[PDB]
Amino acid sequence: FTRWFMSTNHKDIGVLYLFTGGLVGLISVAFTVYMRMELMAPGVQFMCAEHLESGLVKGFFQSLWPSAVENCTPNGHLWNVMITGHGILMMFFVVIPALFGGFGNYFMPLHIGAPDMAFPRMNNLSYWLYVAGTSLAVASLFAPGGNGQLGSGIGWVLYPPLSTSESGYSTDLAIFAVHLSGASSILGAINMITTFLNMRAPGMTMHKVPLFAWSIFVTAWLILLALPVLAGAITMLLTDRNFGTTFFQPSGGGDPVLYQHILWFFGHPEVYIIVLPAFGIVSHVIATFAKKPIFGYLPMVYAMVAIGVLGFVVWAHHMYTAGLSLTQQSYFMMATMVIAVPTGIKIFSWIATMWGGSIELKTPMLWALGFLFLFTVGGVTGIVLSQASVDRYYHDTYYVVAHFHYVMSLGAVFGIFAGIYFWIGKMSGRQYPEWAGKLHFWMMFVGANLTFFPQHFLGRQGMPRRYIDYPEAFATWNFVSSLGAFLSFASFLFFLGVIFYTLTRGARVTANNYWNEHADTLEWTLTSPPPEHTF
């Protein structure tokens, strides 16, 4: 019944976030399958203007069959709507709702011995704001938009003056969607912070809080400072579009580059908001399956605090070619490089935790080991891009796309999967079949690497971002990258099968702690699933 959706218990809200994030993730991954169908070969074969003259549903199915070039009039607007929709959904309505709204709401109270969040009704409201935002985002795809078509083709960061000139009101719906998503995140951050400070179990000193709870705590602070700034930036877009202001229009003395500073002041913290809870999950998972306590618990906490703080003074590395002076360019490059030192401490301490342990290679551990390797690949190309002298070549190329998919879709997403296989028994009372989790991992490991490692080559050869079509010479590595994305998609449908199998007919969980003694936090002292009313 709809008694799930009006629940105010942190465990039920966590599950609603997880499922909703998973469903929206499926939609956005489907967009990328269509994207990679069109990028599989030079020339435009799918995104034809001819498909617009038919109806919405009829034109949809025509869009999925290739046409010869001579019968296909390229429709760059549909490309730009797809990639904009894909990025908005991921950055606002998929991975943070799953890690922070999902695992954070479920397990952070359990980890600190709290019975619930401080404001359970605020928590339930935060979930509905997330669903309201998600619905406006999706609605904008079907609203009148740029170039007399539907949808907004302006990229997920909505740069003006393109975003303030785009016709229709699709862009206004997208801005409202981002407002609702930030509201949802701010309410969650308030709940996490109040609960963390005020409702720890007696004896749970701050230097005894588990690392996941720490990561949610630090993440909640980043949200409180970053998201109000974003609300400002995008409200100024709304008033330039609709209420005659000129913040970003040079005719009226505005500056489009001013928007970039405000937006990226949120924009870089956003990615550390994404990844910090994944860091927390990796620490719990690696400690459990190495059968060894986490190496350097206190450096782990401080490194997350250092990363969170530095994440607020590096934003202009997204603007090296936007007209930054040489002095700003040199500062932001040097501030950005510092982030590698705390992050390296965590990477080395995760290996140190494995070192001398007794290692069990079960599915959650596979995801965490993949995280270590693949996040490192993404993080070192982030350091490359931090060199403004080299970012001159790579900016707005697929080398950037390769970078952020390794840290996000082979990093943060591996943390999401590590968490799901780690905790599905604890949340549901049913266990996943081990062989299928391993097969999911290896299919995703091979496919995601085939998808994104060749995009380094495309970037080095100069392929720009946000292109419906590309010169003939980029064909080989675009082809390999599309095959990898199709395999990755197969691996994700299989995963949805594995989850459906687990929840309907998975082996019954009988133990409170079905792993081992080194899963030593409070949720493993409760039943699977924990009782309806905790502590």
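Residue indices: 1-based, along the sequence shown.
With 132-140 and 113-121 compared on mean CA B-factor from the PDB entry, the stretch scoring higher is 113-121. Higher mean CA temperature factor between 312-320 and 196-204: 196-204, per the PDB entry. By the numbers in the PDB entry, the CA B factor is greatest at 60 among 470, 60, 489, 46. In the deposited coordinates, the residue among 151, 419, 155, 228 with the greatest CA B-factor is 228. The deposited CA B-factor of residue 51 belongs to the highest third of values across its chain. For residue 326, the recorded CA B-factor ranks within the highest third of the chain. Only modelled residues enter the ranking. Among all modelled residues in its chain, residue 477 ranks in the lowest third by Cα B-factor.
Annotation for residue 175: CA B-factor lies in the middle third of the chain's modelled residues. When the modelled residues of the chain are ordered by their C-alpha B factor, residue 64 lands in the highest third.
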